[PDB]
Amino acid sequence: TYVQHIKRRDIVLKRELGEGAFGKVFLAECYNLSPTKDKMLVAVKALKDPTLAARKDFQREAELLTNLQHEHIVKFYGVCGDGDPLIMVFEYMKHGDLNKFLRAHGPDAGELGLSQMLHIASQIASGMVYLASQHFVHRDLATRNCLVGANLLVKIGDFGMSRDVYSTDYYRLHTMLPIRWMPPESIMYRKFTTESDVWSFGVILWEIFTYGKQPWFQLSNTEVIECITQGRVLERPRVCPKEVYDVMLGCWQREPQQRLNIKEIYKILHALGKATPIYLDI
């Protein structure tokens, strides 16, 4: 597909946010982008001196995000031309990643109410309904890969593992894998499907209702693999309503075809809310 072309001259970097496998991410301003062409905040990913593999991954990401557009998928504005660094431009989400957001509202840090937790969950589920409709399998759904904007707006992205910060969330089972978020068939057989994404969503629900705590925090990586392989599941958080835990269990059926599908999950989460927010388009 064609990707929108942003001029390098129109981007002004303001602050560095982090670095992944695919280069540094910055808060920036961009001109000539908004309908008024007035400057607007964006996030910029910059890849310096990219290898061939990095260039290919950059192109794959740009094409994917041009094609996958939805209210709850991270919004992508375009790329700069060929050169160094390679630059990709995203919508700025001012509250950052959902895992840090959840932790900032947790007891170990006011707090988030049931309505707010369900709204976060429902928005992620909505994004996943869209991904499933495009036959896109994400493989790394987790709150660390979701962004939070104004009005508790949550969108799904994929940032990968941190380049500069120590992380406990990935383990080399080749490739680093988010094993704590994965079902038995993904760990044992590398089978990744919409159904393994549903498993991960159940783990996201657990993250939300524990304010971002790491799944299986009490277990080493080796113990996690054995635990998941042997069919143990995450325990119900004390502040988690039984109905919400029952949705998690619906995600965590050992047989993938017995799991709730994400459309079913979306409907349930929406019925579970006492006063589900109303979505408008004007």
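Numbering starts at 1 and runs along the sequence shown.
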{"property": "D49 dropped in a third or more of the other entries", "result": "yes"}
{"property": "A109 dropped from a third or more of the other entries of this protein", "result": "yes"}
{"property": "Gap size, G110 back to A109 (deposited sequence, no coordinates)", "result": "10 or more"}
{"property": "Missing residues, deposited sequence, between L114 and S115 (class: none, 1 to 3, 4 to 9, 10 or more)", "result": "none"}
{"property": "Residue stretch of maximal mean CA temperature factor, 231-239 vs 247-255", "result": "231-239"}
{"property": "Comparing 92-100 with 199-207, the one whose average Cα B-factor in the PDB entry is higher", "result": "92-100"}
{"property": "Residue selected from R55, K45, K37, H70 by maximal Cα B factor", "result": "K37"}
{"property": "Highest recorded Cα temperature factor - choice among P178, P183, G78, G160", "result": "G160"}
{"property": "Where the record places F136 (Cα B-factor, split into thirds across the chain)", "result": "lowest"}
{"property": "Assigned third (lowest, middle, highest) for the C-alpha B factor of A150", "result": "middle"}
{"property": "Third of the chain, ranked by Cα B-factor, where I265 sits", "result": "lowest"}
{"property": "Among modelled residues of the same chain, the CA temperature factor third for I156", "result": "lowest"}
{"property": "For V129, the third of its chain into which the C-alpha B factor falls", "result": "lowest"}
